[PDB]
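Trainee: My structure file coords-v3.txt, compact mmCIF, N, CA and C atoms and all ligand atoms, is below:
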# COMPACT_ATOMS: atom_id res chain seq x y z
N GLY V 1 93.62 -70.22 -66.64
CA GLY V 1 94.88 -70.87 -66.94
C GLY V 1 95.84 -70.59 -65.85
N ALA V 2 97.07 -70.26 -66.20
CA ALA V 2 98.07 -69.88 -65.24
C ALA V 2 99.33 -69.46 -65.90
N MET V 3 99.95 -68.53 -65.27
CA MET V 3 101.22 -67.96 -65.59
C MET V 3 101.39 -66.91 -64.54
N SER V 4 102.55 -66.41 -64.36
CA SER V 4 102.74 -65.34 -63.47
C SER V 4 102.40 -64.03 -64.18
N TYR V 5 101.52 -63.28 -63.60
CA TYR V 5 101.09 -61.98 -64.09
C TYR V 5 100.20 -61.38 -63.06
N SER V 6 99.79 -60.18 -63.24
CA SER V 6 98.95 -59.58 -62.28
C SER V 6 97.50 -59.55 -62.77
N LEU V 7 96.57 -59.89 -61.91
CA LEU V 7 95.19 -59.97 -62.31
C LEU V 7 94.30 -59.40 -61.21
N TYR V 8 93.09 -59.07 -61.58
CA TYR V 8 92.06 -58.69 -60.65
C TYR V 8 91.61 -59.90 -59.94
N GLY V 9 91.74 -59.85 -58.64
CA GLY V 9 91.42 -60.96 -57.82
C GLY V 9 90.06 -61.42 -57.95
N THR V 10 89.20 -60.49 -58.00
CA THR V 10 87.77 -60.70 -58.16
C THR V 10 87.46 -61.74 -59.29
N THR V 11 88.33 -61.82 -60.29
CA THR V 11 88.16 -62.71 -61.39
C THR V 11 88.92 -64.09 -61.17
N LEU V 12 89.77 -64.18 -60.16
CA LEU V 12 90.65 -65.38 -59.89
C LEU V 12 89.94 -66.73 -59.78
N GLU V 13 88.65 -66.72 -59.61
CA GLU V 13 87.90 -67.95 -59.47
C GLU V 13 87.86 -68.75 -60.79
N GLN V 14 87.98 -68.04 -61.91
CA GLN V 14 88.02 -68.67 -63.25
C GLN V 14 89.38 -69.11 -63.60
N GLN V 15 90.26 -68.39 -63.07
CA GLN V 15 91.68 -68.50 -63.35
C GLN V 15 92.24 -69.90 -63.13
N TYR V 16 92.28 -70.33 -61.89
CA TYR V 16 92.87 -71.60 -61.56
C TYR V 16 91.89 -72.73 -61.54
N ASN V 17 90.62 -72.36 -61.49
CA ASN V 17 89.45 -73.28 -61.32
C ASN V 17 89.39 -73.75 -59.88
N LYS V 18 90.35 -73.28 -59.15
CA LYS V 18 90.48 -73.44 -57.78
C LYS V 18 90.53 -71.99 -57.31
N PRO V 19 89.52 -71.56 -56.58
CA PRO V 19 89.37 -70.16 -56.22
C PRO V 19 90.29 -69.77 -55.10
N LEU V 20 90.28 -68.49 -54.77
CA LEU V 20 91.01 -67.94 -53.63
C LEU V 20 90.73 -68.73 -52.38
N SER V 21 89.49 -69.10 -52.18
CA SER V 21 89.05 -69.86 -51.03
C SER V 21 89.69 -71.27 -50.97
N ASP V 22 90.36 -71.65 -52.04
CA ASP V 22 91.04 -72.92 -52.12
C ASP V 22 92.52 -72.74 -52.38
N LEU V 23 92.87 -71.63 -52.97
CA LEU V 23 94.22 -71.40 -53.41
C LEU V 23 95.03 -70.90 -52.25
N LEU V 24 96.22 -71.44 -52.08
CA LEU V 24 97.10 -70.93 -51.09
C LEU V 24 97.50 -69.60 -51.61
N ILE V 25 97.28 -68.65 -50.87
CA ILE V 25 97.44 -67.35 -51.30
C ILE V 25 98.14 -66.58 -50.21
N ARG V 26 99.05 -65.68 -50.55
CA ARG V 26 99.84 -65.01 -49.52
C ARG V 26 100.09 -63.58 -49.84
N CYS V 27 100.37 -62.80 -48.80
CA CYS V 27 100.79 -61.47 -48.93
C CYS V 27 102.06 -61.40 -49.83
N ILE V 28 102.33 -60.28 -50.42
CA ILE V 28 103.44 -60.15 -51.32
C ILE V 28 104.68 -59.72 -50.59
N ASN V 29 104.46 -58.94 -49.60
CA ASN V 29 105.48 -58.44 -48.72
C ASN V 29 105.54 -59.31 -47.53
N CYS V 30 104.41 -59.94 -47.15
CA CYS V 30 104.49 -60.75 -45.98
C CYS V 30 104.86 -62.18 -46.26
N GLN V 31 104.30 -62.72 -47.36
CA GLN V 31 104.36 -64.13 -47.71
C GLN V 31 103.54 -64.95 -46.75
N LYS V 32 102.70 -64.24 -46.06
CA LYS V 32 101.74 -64.73 -45.14
C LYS V 32 100.53 -65.07 -45.90
N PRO V 33 100.05 -66.26 -45.77
CA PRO V 33 98.88 -66.66 -46.45
C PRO V 33 97.62 -65.89 -46.00
N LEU V 34 97.04 -65.15 -46.94
CA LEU V 34 95.87 -64.32 -46.73
C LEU V 34 94.68 -65.20 -46.81
N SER V 35 93.82 -65.04 -45.90
CA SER V 35 92.64 -65.82 -45.82
C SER V 35 91.53 -65.06 -46.56
N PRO V 36 90.28 -65.64 -46.73
CA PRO V 36 89.16 -64.98 -47.44
C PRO V 36 89.02 -63.49 -47.09
N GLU V 37 89.35 -63.16 -45.86
CA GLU V 37 89.37 -61.78 -45.39
C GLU V 37 90.23 -60.86 -46.27
N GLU V 38 91.50 -61.20 -46.45
CA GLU V 38 92.40 -60.37 -47.19
C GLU V 38 92.30 -60.64 -48.69
N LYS V 39 91.74 -61.78 -49.01
CA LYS V 39 91.38 -62.17 -50.38
C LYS V 39 90.27 -61.30 -50.89
N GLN V 40 89.34 -60.98 -50.00
CA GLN V 40 88.19 -60.15 -50.33
C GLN V 40 88.59 -58.75 -50.61
N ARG V 41 89.79 -58.44 -50.31
CA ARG V 41 90.32 -57.12 -50.64
C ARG V 41 90.53 -57.09 -52.13
N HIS V 42 91.00 -58.20 -52.63
CA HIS V 42 91.33 -58.35 -54.01
C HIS V 42 90.10 -58.72 -54.82
N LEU V 43 89.07 -59.16 -54.12
CA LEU V 43 87.82 -59.54 -54.76
C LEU V 43 86.82 -58.41 -54.72
N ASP V 44 86.48 -57.98 -53.52
CA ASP V 44 85.52 -56.87 -53.29
C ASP V 44 86.05 -55.58 -53.85
N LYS V 45 87.19 -55.18 -53.34
CA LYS V 45 87.81 -53.91 -53.72
C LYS V 45 88.65 -54.11 -54.95
N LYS V 46 88.72 -55.38 -55.34
CA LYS V 46 89.29 -55.85 -56.58
C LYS V 46 90.74 -55.45 -56.77
N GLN V 47 91.46 -55.32 -55.67
CA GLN V 47 92.87 -54.94 -55.72
C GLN V 47 93.65 -55.95 -56.56
N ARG V 48 94.44 -55.45 -57.46
CA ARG V 48 95.17 -56.27 -58.38
C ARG V 48 96.41 -56.85 -57.69
N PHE V 49 96.57 -58.13 -57.80
CA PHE V 49 97.71 -58.84 -57.22
C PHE V 49 98.42 -59.60 -58.31
N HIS V 50 99.34 -60.44 -57.93
CA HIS V 50 100.05 -61.23 -58.87
C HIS V 50 99.51 -62.68 -58.77
N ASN V 51 99.51 -63.42 -59.89
CA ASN V 51 99.08 -64.85 -59.99
C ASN V 51 100.26 -65.75 -60.18
N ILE V 52 100.40 -66.76 -59.33
CA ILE V 52 101.52 -67.66 -59.40
C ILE V 52 100.99 -69.10 -59.51
N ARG V 53 101.81 -70.02 -59.94
CA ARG V 53 101.39 -71.39 -60.12
C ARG V 53 101.11 -72.04 -58.76
N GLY V 54 99.85 -72.19 -58.45
CA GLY V 54 99.45 -72.92 -57.26
C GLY V 54 99.19 -72.03 -56.08
N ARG V 55 99.71 -70.83 -56.12
CA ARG V 55 99.52 -69.88 -55.06
C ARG V 55 99.65 -68.51 -55.63
N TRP V 56 99.45 -67.48 -54.85
CA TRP V 56 99.91 -66.23 -55.32
C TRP V 56 100.54 -65.33 -54.27
N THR V 57 100.69 -64.04 -54.60
CA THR V 57 101.19 -63.08 -53.72
C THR V 57 100.34 -61.73 -53.95
N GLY V 58 99.73 -61.27 -52.87
CA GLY V 58 98.80 -60.13 -52.82
C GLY V 58 99.23 -59.13 -51.77
N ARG V 59 98.33 -58.51 -51.09
CA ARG V 59 98.70 -57.60 -49.99
C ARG V 59 97.71 -57.74 -48.91
N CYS V 60 98.16 -58.21 -47.75
CA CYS V 60 97.27 -58.21 -46.61
C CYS V 60 96.97 -56.76 -46.19
N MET V 61 96.00 -56.57 -45.30
CA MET V 61 95.60 -55.23 -44.76
C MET V 61 96.77 -54.33 -44.50
N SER V 62 97.71 -54.83 -43.74
CA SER V 62 98.84 -54.03 -43.31
C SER V 62 99.65 -53.52 -44.50
N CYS V 63 99.70 -54.32 -45.52
CA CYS V 63 100.49 -54.08 -46.64
C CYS V 63 99.77 -53.38 -47.74
N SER V 64 98.49 -53.61 -47.80
CA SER V 64 97.65 -52.98 -48.74
C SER V 64 97.54 -51.48 -48.39
N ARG V 65 97.76 -51.17 -47.11
CA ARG V 65 97.74 -49.83 -46.61
C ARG V 65 99.15 -49.24 -46.57
N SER V 66 100.00 -49.84 -45.76
CA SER V 66 101.34 -49.32 -45.48
C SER V 66 102.38 -49.82 -46.51
N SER V 67 102.00 -49.80 -47.79
CA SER V 67 102.83 -50.26 -48.91
C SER V 67 104.17 -49.49 -48.99
N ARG V 68 104.21 -48.28 -48.41
CA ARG V 68 105.43 -47.48 -48.38
C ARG V 68 106.53 -48.14 -47.57
N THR V 69 106.17 -48.90 -46.58
CA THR V 69 107.14 -49.59 -45.79
C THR V 69 107.26 -51.03 -46.23
N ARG V 70 108.01 -51.22 -47.28
CA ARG V 70 108.14 -52.50 -47.91
C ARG V 70 109.25 -53.35 -47.30
N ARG V 71 108.85 -54.28 -46.49
CA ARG V 71 109.70 -55.25 -45.90
C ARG V 71 109.06 -56.58 -46.01
N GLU V 72 109.87 -57.59 -46.09
CA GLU V 72 109.42 -58.93 -46.29
C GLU V 72 109.32 -59.68 -44.97
N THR V 73 110.13 -59.29 -44.03
CA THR V 73 110.06 -59.87 -42.71
C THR V 73 109.60 -58.79 -41.71
N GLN V 74 109.24 -57.64 -42.29
CA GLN V 74 108.67 -56.44 -41.60
C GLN V 74 109.53 -55.85 -40.50
N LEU V 75 110.72 -56.32 -40.46
CA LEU V 75 111.74 -55.91 -39.55
C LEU V 75 112.95 -56.68 -40.02
ZN ZN D 1 101.25 -58.19 -45.47
Would you mind giving the structure from this file in structure tokens?

Mentor:
Amino acid sequence: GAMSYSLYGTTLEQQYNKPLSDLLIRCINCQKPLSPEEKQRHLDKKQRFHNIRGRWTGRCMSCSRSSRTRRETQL
């Protein structure tokens, strides 16, 4: 279905019926669209992100690691 909430990415393929590989998906701090690479963080390592209508917001590598430095424009 859909609503804003946080979900295990690994399960997102059922969610929208349009998977990560199709869903515009972006970092949460970056708003940078994460590709299958950073999506696989949420799939493989199953990092929990947020689900949004038509897209979402997750954490790219930089952010999934350096979460302590929370900036949206990173400067
Ligand atoms: Zn990021």

Trainee: In terms of the shortest atom-to-atom distance over all atoms listed in the file, which of V:2, V:27, V:75, V:7 is closest to residue 42 of chain V?

Mentor: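 For residue 42 of chain V, the nearest of the candidates is V:7.
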
Trainee: With 4 Å on each side, where is the centre of the axis-aligned box around all listed atoms of segment 2-16 of chain V, and how long are its edges in Å to one decimal, as JSON?

Mentor:
{"center_x": 95.1, "center_y": -65.7, "center_z": -62.0, "size_x": 23.3, "size_y": 22.0, "size_z": 16.4}

Trainee: Enumerate, as number ranges by chain, the protein, DNA and RNA residues whose atoms approach (100.8, -59.7, -47.0) to within 6.5 Å, taking into account only N, CA and C atoms and the coordinate frame of the file.

Mentor: V: 26-32, 58-61, 63

Trainee: Let me see the file: selected residues, N, CA and C atoms, as a compact mmCIF listing (two decimals), in the frame of the given file.

Mentor:
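Done, and the output landed in result-v7.txt:
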# COMPACT_ATOMS: atom_id res chain seq x y z
N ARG V 26 99.05 -65.68 -50.55
CA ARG V 26 99.84 -65.01 -49.52
C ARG V 26 100.09 -63.58 -49.84
N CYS V 27 100.37 -62.80 -48.80
CA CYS V 27 100.79 -61.47 -48.93
C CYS V 27 102.06 -61.40 -49.83
N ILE V 28 102.33 -60.28 -50.42
CA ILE V 28 103.44 -60.15 -51.32
C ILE V 28 104.68 -59.72 -50.59
N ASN V 29 104.46 -58.94 -49.60
CA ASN V 29 105.48 -58.44 -48.72
C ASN V 29 105.54 -59.31 -47.53
N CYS V 30 104.41 -59.94 -47.15
CA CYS V 30 104.49 -60.75 -45.98
C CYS V 30 104.86 -62.18 -46.26
N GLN V 31 104.30 -62.72 -47.36
CA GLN V 31 104.36 -64.13 -47.71
C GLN V 31 103.54 -64.95 -46.75
N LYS V 32 102.70 -64.24 -46.06
CA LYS V 32 101.74 -64.73 -45.14
C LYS V 32 100.53 -65.07 -45.90
N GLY V 58 99.73 -61.27 -52.87
CA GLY V 58 98.80 -60.13 -52.82
C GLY V 58 99.23 -59.13 -51.77
N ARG V 59 98.33 -58.51 -51.09
CA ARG V 59 98.70 -57.60 -49.99
C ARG V 59 97.71 -57.74 -48.91
N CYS V 60 98.16 -58.21 -47.75
CA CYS V 60 97.27 -58.21 -46.61
C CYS V 60 96.97 -56.76 -46.19
N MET V 61 96.00 -56.57 -45.30
CA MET V 61 95.60 -55.23 -44.76
C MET V 61 96.77 -54.33 -44.50
N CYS V 63 99.70 -54.32 -45.52
CA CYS V 63 100.49 -54.08 -46.64
C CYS V 63 99.77 -53.38 -47.74

Trainee: Quick one: DSSP helix (DSSP H, G or I) residues in chain V, as a PyMOL selection string?

Mentor: chain V and resi 9-15+36-43+61-65

Trainee: For the selection just defined, write its residues with N, CA and C atoms to a file, as a CSV table (one decimal), keeping the file's coordinate frame.

Mentor:
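Generated output (part_20.csv):
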chain,number,residue,atom,x,y,z
V,9,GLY,N,91.7,-59.8,-58.6
V,9,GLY,CA,91.4,-61.0,-57.8
V,9,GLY,C,90.1,-61.4,-58.0
V,10,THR,N,89.2,-60.5,-58.0
V,10,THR,CA,87.8,-60.7,-58.2
V,10,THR,C,87.5,-61.7,-59.3
V,11,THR,N,88.3,-61.8,-60.3
V,11,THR,CA,88.2,-62.7,-61.4
V,11,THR,C,88.9,-64.1,-61.2
V,12,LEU,N,89.8,-64.2,-60.2
V,12,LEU,CA,90.6,-65.4,-59.9
V,12,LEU,C,89.9,-66.7,-59.8
V,13,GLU,N,88.6,-66.7,-59.6
V,13,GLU,CA,87.9,-68.0,-59.5
V,13,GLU,C,87.9,-68.8,-60.8
V,14,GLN,N,88.0,-68.0,-61.9
V,14,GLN,CA,88.0,-68.7,-63.2
V,14,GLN,C,89.4,-69.1,-63.6
V,15,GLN,N,90.3,-68.4,-63.1
V,15,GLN,CA,91.7,-68.5,-63.4
V,15,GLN,C,92.2,-69.9,-63.1
V,36,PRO,N,90.3,-65.6,-46.7
V,36,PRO,CA,89.2,-65.0,-47.4
V,36,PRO,C,89.0,-63.5,-47.1
V,37,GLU,N,89.4,-63.2,-45.9
V,37,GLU,CA,89.4,-61.8,-45.4
V,37,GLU,C,90.2,-60.9,-46.3
V,38,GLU,N,91.5,-61.2,-46.4
V,38,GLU,CA,92.4,-60.4,-47.2
V,38,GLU,C,92.3,-60.6,-48.7
V,39,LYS,N,91.7,-61.8,-49.0
V,39,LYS,CA,91.4,-62.2,-50.4
V,39,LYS,C,90.3,-61.3,-50.9
V,40,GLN,N,89.3,-61.0,-50.0
V,40,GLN,CA,88.2,-60.2,-50.3
V,40,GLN,C,88.6,-58.8,-50.6
V,41,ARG,N,89.8,-58.4,-50.3
V,41,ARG,CA,90.3,-57.1,-50.6
V,41,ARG,C,90.5,-57.1,-52.1
V,42,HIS,N,91.0,-58.2,-52.6
V,42,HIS,CA,91.3,-58.4,-54.0
V,42,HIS,C,90.1,-58.7,-54.8
V,43,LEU,N,89.1,-59.2,-54.1
V,43,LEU,CA,87.8,-59.5,-54.8
V,43,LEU,C,86.8,-58.4,-54.7
V,61,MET,N,96.0,-56.6,-45.3
V,61,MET,CA,95.6,-55.2,-44.8
V,61,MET,C,96.8,-54.3,-44.5
V,62,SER,N,97.7,-54.8,-43.7
V,62,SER,CA,98.8,-54.0,-43.3
V,62,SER,C,99.6,-53.5,-44.5
V,63,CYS,N,99.7,-54.3,-45.5
V,63,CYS,CA,100.5,-54.1,-46.6
V,63,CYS,C,99.8,-53.4,-47.7
V,64,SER,N,98.5,-53.6,-47.8
V,64,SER,CA,97.6,-53.0,-48.7
V,64,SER,C,97.5,-51.5,-48.4
V,65,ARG,N,97.8,-51.2,-47.1
V,65,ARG,CA,97.7,-49.8,-46.6
V,65,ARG,C,99.2,-49.2,-46.6

Trainee: How far is it from atom N of residue 6 of chain V to atom C of residue 74 of chain V, in Å with one decimal?

Mentor: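 If I compute the distance from atom N of residue 6 of chain V to atom C of residue 74 of chain V, I get 25.1 Å.
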
Trainee: Measuring atom to atom with all atoms listed in the file, identify which of V:4, V:47, V:62, V:73 is nearest to ligand ZN 1 (chain D).

Mentor: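 Looking at the shortest contact to ligand ZN 1 (chain D), the residue is V:62.
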
Trainee: Show which residues sit within 6 Å of residue 14 of chain V, as a compact mmCIF listing (two decimals) with N, CA and C atoms, in the frame of the given file. Count all atoms listed in the file, and ignore same-chain residues fewer than 3 positions away.

Mentor:
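The result, written out as part01.txt:
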# COMPACT_ATOMS: atom_id res chain seq x y z
N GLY V 1 93.62 -70.22 -66.64
CA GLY V 1 94.88 -70.87 -66.94
C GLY V 1 95.84 -70.59 -65.85
N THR V 11 88.33 -61.82 -60.29
CA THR V 11 88.16 -62.71 -61.39
C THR V 11 88.92 -64.09 -61.17
N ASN V 17 90.62 -72.36 -61.49
CA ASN V 17 89.45 -73.28 -61.32
C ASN V 17 89.39 -73.75 -59.88

Trainee: Complete the atom set of segment 15-35 of chain V to N, CA, C and O atoms and return it as a PDB file, in the coordinates of the input.

Mentor:
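Contents of part_8.pdb, as written:
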ATOM      1  N   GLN V  15      90.260 -68.390 -63.070  1.00  0.00           N
ATOM      2  CA  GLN V  15      91.680 -68.500 -63.350  1.00  0.00           C
ATOM      3  C   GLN V  15      92.240 -69.900 -63.130  1.00  0.00           C
ATOM      4  O   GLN V  15      92.599 -70.599 -64.083  1.00  0.00           O
ATOM      5  N   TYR V  16      92.280 -70.330 -61.890  1.00  0.00           N
ATOM      6  CA  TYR V  16      92.870 -71.600 -61.560  1.00  0.00           C
ATOM      7  C   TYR V  16      91.890 -72.730 -61.540  1.00  0.00           C
ATOM      8  O   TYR V  16      92.267 -73.909 -61.551  1.00  0.00           O
ATOM      9  N   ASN V  17      90.620 -72.360 -61.490  1.00  0.00           N
ATOM     10  CA  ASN V  17      89.450 -73.280 -61.320  1.00  0.00           C
ATOM     11  C   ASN V  17      89.390 -73.750 -59.880  1.00  0.00           C
ATOM     12  O   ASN V  17      88.502 -74.491 -59.452  1.00  0.00           O
ATOM     13  N   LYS V  18      90.350 -73.280 -59.150  1.00  0.00           N
ATOM     14  CA  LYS V  18      90.480 -73.440 -57.780  1.00  0.00           C
ATOM     15  C   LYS V  18      90.530 -71.990 -57.310  1.00  0.00           C
ATOM     16  O   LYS V  18      91.401 -71.216 -57.721  1.00  0.00           O
ATOM     17  N   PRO V  19      89.520 -71.560 -56.580  1.00  0.00           N
ATOM     18  CA  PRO V  19      89.370 -70.160 -56.220  1.00  0.00           C
ATOM     19  C   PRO V  19      90.290 -69.770 -55.100  1.00  0.00           C
ATOM     20  O   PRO V  19      90.962 -70.598 -54.532  1.00  0.00           O
ATOM     21  N   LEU V  20      90.280 -68.490 -54.770  1.00  0.00           N
ATOM     22  CA  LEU V  20      91.010 -67.940 -53.630  1.00  0.00           C
ATOM     23  C   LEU V  20      90.730 -68.730 -52.380  1.00  0.00           C
ATOM     24  O   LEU V  20      91.631 -69.091 -51.680  1.00  0.00           O
ATOM     25  N   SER V  21      89.490 -69.100 -52.180  1.00  0.00           N
ATOM     26  CA  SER V  21      89.050 -69.860 -51.030  1.00  0.00           C
ATOM     27  C   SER V  21      89.690 -71.270 -50.970  1.00  0.00           C
ATOM     28  O   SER V  21      89.581 -71.986 -49.968  1.00  0.00           O
ATOM     29  N   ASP V  22      90.360 -71.650 -52.040  1.00  0.00           N
ATOM     30  CA  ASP V  22      91.040 -72.920 -52.120  1.00  0.00           C
ATOM     31  C   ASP V  22      92.520 -72.740 -52.380  1.00  0.00           C
ATOM     32  O   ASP V  22      93.331 -73.576 -52.023  1.00  0.00           O
ATOM     33  N   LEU V  23      92.870 -71.630 -52.970  1.00  0.00           N
ATOM     34  CA  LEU V  23      94.220 -71.400 -53.410  1.00  0.00           C
ATOM     35  C   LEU V  23      95.030 -70.900 -52.250  1.00  0.00           C
ATOM     36  O   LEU V  23      94.536 -70.079 -51.450  1.00  0.00           O
ATOM     37  N   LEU V  24      96.220 -71.440 -52.080  1.00  0.00           N
ATOM     38  CA  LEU V  24      97.100 -70.930 -51.090  1.00  0.00           C
ATOM     39  C   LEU V  24      97.500 -69.600 -51.610  1.00  0.00           C
ATOM     40  O   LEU V  24      97.958 -69.455 -52.713  1.00  0.00           O
ATOM     41  N   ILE V  25      97.280 -68.650 -50.870  1.00  0.00           N
ATOM     42  CA  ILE V  25      97.440 -67.350 -51.300  1.00  0.00           C
ATOM     43  C   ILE V  25      98.140 -66.580 -50.210  1.00  0.00           C
ATOM     44  O   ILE V  25      97.870 -66.818 -49.068  1.00  0.00           O
ATOM     45  N   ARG V  26      99.050 -65.680 -50.550  1.00  0.00           N
ATOM     46  CA  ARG V  26      99.840 -65.010 -49.520  1.00  0.00           C
ATOM     47  C   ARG V  26     100.090 -63.580 -49.840  1.00  0.00           C
ATOM     48  O   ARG V  26     100.036 -63.189 -50.980  1.00  0.00           O
ATOM     49  N   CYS V  27     100.370 -62.800 -48.800  1.00  0.00           N
ATOM     50  CA  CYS V  27     100.790 -61.470 -48.930  1.00  0.00           C
ATOM     51  C   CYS V  27     102.060 -61.400 -49.830  1.00  0.00           C
ATOM     52  O   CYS V  27     102.816 -62.384 -49.925  1.00  0.00           O
ATOM     53  N   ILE V  28     102.330 -60.280 -50.420  1.00  0.00           N
ATOM     54  CA  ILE V  28     103.440 -60.150 -51.320  1.00  0.00           C
ATOM     55  C   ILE V  28     104.680 -59.720 -50.590  1.00  0.00           C
ATOM     56  O   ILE V  28     105.790 -60.144 -50.889  1.00  0.00           O
ATOM     57  N   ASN V  29     104.460 -58.940 -49.600  1.00  0.00           N
ATOM     58  CA  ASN V  29     105.480 -58.440 -48.720  1.00  0.00           C
ATOM     59  C   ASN V  29     105.540 -59.310 -47.530  1.00  0.00           C
ATOM     60  O   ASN V  29     106.574 -59.460 -46.932  1.00  0.00           O
ATOM     61  N   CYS V  30     104.410 -59.940 -47.150  1.00  0.00           N
ATOM     62  CA  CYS V  30     104.490 -60.750 -45.980  1.00  0.00           C
ATOM     63  C   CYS V  30     104.860 -62.180 -46.260  1.00  0.00           C
ATOM     64  O   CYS V  30     105.570 -62.806 -45.480  1.00  0.00           O
ATOM     65  N   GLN V  31     104.300 -62.720 -47.360  1.00  0.00           N
ATOM     66  CA  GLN V  31     104.360 -64.130 -47.710  1.00  0.00           C
ATOM     67  C   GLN V  31     103.540 -64.950 -46.750  1.00  0.00           C
ATOM     68  O   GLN V  31     103.630 -66.186 -46.679  1.00  0.00           O
ATOM     69  N   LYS V  32     102.700 -64.240 -46.060  1.00  0.00           N
ATOM     70  CA  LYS V  32     101.740 -64.730 -45.140  1.00  0.00           C
ATOM     71  C   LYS V  32     100.530 -65.070 -45.900  1.00  0.00           C
ATOM     72  O   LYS V  32     100.016 -64.236 -46.620  1.00  0.00           O
ATOM     73  N   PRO V  33     100.050 -66.260 -45.770  1.00  0.00           N
ATOM     74  CA  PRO V  33      98.880 -66.660 -46.450  1.00  0.00           C
ATOM     75  C   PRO V  33      97.620 -65.890 -46.000  1.00  0.00           C
ATOM     76  O   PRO V  33      97.207 -65.957 -44.831  1.00  0.00           O
ATOM     77  N   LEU V  34      97.040 -65.150 -46.940  1.00  0.00           N
ATOM     78  CA  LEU V  34      95.870 -64.320 -46.730  1.00  0.00           C
ATOM     79  C   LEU V  34      94.680 -65.200 -46.810  1.00  0.00           C
ATOM     80  O   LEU V  34      94.587 -66.060 -47.695  1.00  0.00           O
ATOM     81  N   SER V  35      93.820 -65.040 -45.900  1.00  0.00           N
ATOM     82  CA  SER V  35      92.640 -65.820 -45.820  1.00  0.00           C
ATOM     83  C   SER V  35      91.530 -65.060 -46.560  1.00  0.00           C
ATOM     84  O   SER V  35      91.810 -63.949 -47.042  1.00  0.00           O
TER      85      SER V  35
END
